[PDB]
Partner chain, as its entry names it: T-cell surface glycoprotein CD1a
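This document starts with one chain, in the form solved without its partner chain, laid out as structure tokens.
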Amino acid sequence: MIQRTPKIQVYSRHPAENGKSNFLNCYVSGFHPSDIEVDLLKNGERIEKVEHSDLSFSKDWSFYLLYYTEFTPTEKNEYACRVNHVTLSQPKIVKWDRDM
């Protein structure tokens, strides 16, 4: 068995084809087992509609999830990603790194 805690990165990207669009991305990388729960949060509340959840694996024991959706961030809200995984004794909430 192997278990590896996800790395979690929360960042925004504008698709170049539509710079008015902005995606909130939670990139959950390098984890095993694959079992995982990942939410984007706005002011602590899970964003229910997350348009994209792209899961891949490299080695059989390393999974990668890009969980992302369009958003329109303002300064008045806090955006984050919450991940639960067996490696994490508590849900990990990672705030949007507005510089990343």
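Positions refer to the first chain, counted from 1.
- Comparing 26-34 with 50-58, the stretch with the higher mean C-alpha B-factor in the PDB entry is 50-58.
- Comparing 80-88 with 12-20, the higher mean C-alpha B-factor in the PDB entry belongs to 12-20.
- Among the modelled residues of its chain, residue 4 has a C-alpha B-factor that falls in the lowest third according to the deposited record.
There is another form of this protein, the form deposited with its partner chain bound, and it is not shown here; the text below is about that form.
- Annotation for 86-100: interface residues with its partner chain in the deposited bound form are 97, 99 [heavy atom within 4.5 Å].
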